[PDB]
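Given next are two forms of a protein chain, the same chain in both, each as structure tokens and marked structure 1 or structure 2.
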Structure 1
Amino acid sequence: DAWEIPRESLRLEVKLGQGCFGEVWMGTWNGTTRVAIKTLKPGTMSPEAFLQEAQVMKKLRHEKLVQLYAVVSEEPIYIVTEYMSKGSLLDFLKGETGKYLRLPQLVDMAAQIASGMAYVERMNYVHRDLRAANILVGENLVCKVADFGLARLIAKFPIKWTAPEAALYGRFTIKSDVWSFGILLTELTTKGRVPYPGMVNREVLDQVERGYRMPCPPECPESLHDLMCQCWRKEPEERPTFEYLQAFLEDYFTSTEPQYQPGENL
């Protein structure tokens, strides 16, 4: 309906891997436009709930969110979006290009993510699965938010990324996305290391409820660590908005750290 395209117009060329809720390919639409195609494996806990992500992606349109191109609603179900040339941000940070990424690039990538989540904030949506694994990198270090299957109006809650009030009581708000953003900032500043090193899930929930927070990563400024701790307030109402986070991260090297100097890793 309005978005559906003939199956013959697509050509699945190179397989990219098993992405979020489905198998992702690098294809070509109408022999002219390079695209990305997610396929549903039949029977795997999804009839048209696989199409629930494309249902949300039709309403949410923003330059920092992966844009929906088309959809094939007859099995096998295809979801066609734009192609992000660099892949997952987590793989990008762990990968070859991650070595040379310094704080200026990593803060800008975060500002792009805060800008995308600021649009989600204005649209009264909640992401519920914000992390480096669900953010795609394109050309010129363009970062875009992905995985809108759990997105709703106002991989189930990994404890290390989810706000404790959302993991425990199901209170998923935009402030629980700000908590996840603070965790993502540790992924950026640590070249994509898993948060809370050496701790299992139930140990993270007990420690975080006792007030434990991850310390300042090495070579990370205290000002950026303070922004993480604000994203990790126990009370969600006192956690910053994404409009503030975006404006903060864009002006970071003028208004916050004008005497920044590059180090070994950051």
Structure 2
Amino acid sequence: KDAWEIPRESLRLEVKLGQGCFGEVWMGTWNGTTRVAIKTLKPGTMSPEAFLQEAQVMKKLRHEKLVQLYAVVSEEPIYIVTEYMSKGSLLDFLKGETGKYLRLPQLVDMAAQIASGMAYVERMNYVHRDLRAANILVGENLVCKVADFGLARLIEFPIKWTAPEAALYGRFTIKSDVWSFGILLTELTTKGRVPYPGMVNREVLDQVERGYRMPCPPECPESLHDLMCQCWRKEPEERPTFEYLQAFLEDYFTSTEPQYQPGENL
């Protein structure tokens, strides 16, 4: 065991946030001072080793725009402990009561933050492999953080968010994350709508390999849809870096859309 271990007794669960087929997620407190999120093991439901690989990844990654690992407890019951993101997933946020008030300036900034965290992922030679709005967490002041590193891996599957070469041939790279980032941009510009509306998984894969790409979202400026389409280039190496994405989105309203006016929804 390493320096991430803590004593269970210093963890107290309070408020339930969700369950799955491996355990649960609770709000809670740490050493009676610090608000945390705790992720639990339904003890015999899965191999605790592989249940903690999500923490092994989080130990190595540390960035302001990635959700921070706080501690692990490697003896049953088992926990992972992280900072607490007050507004939950970005997906829920966008669909929620606030989502409708968000306009393009806020959505591009959020996407800029996510790109910033992924740019870090990029230069660390990792791939996330599950980038999408459901796996971005939100705090106050519209802070967005990449989360859920379950499938994340040092570089050595829902087709809607996954690049083709990765879904078909298992070729996951930082460039298939770039693809997913392009899909995530349509989640932001639609306030959370599922991609490829009205298409089932098979139709998505068939159409995407046939060159089909989602059209420009209502009120989304074409320059932002260009960006999406660059993220969705057939050739992975011709997709932009997270470094380009971050800088492009940070400067967006001066360098690309200086004449932007708000409309009905964006």
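Each form is matched to the other, and the largest set of C-alpha atoms that superpose within 1.5 Å is called the rigid core. Residue 1 is the first residue of structure 1, and the numbers go on in sequence order from there. Only residues modelled in both forms are compared.
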> With the two forms superposed on the core, which of 241, 46, 52, 230 shows a CA shift of 2 angstroms or more between the two structures?
Replying inline: 46
> By the 2 angstroms cut-off, has the C-alpha of residue 254 moved between the two structures once the rigid core is superposed?
Replying inline: no
> Has the Cα of residue 20 moved 2 Å or more between the two structures, judged after a core fit?
Replying inline: yes
> Once the rigid core is matched, what's the CA displacement of residue 149 between the two structures in angstrom?
Replying inline: 1.4
>> Fitting the two forms on their rigid core, what distance in Å separates the Cα positions of residue 29 between the two structures?
In response: 0.2
> Can you list, in sequence order, the runs of 3 or more consecutive shared residues with C-alpha shifts of 2 Å or more between the two structures on the rigid core?
Replying inline: 18-22, 42-47
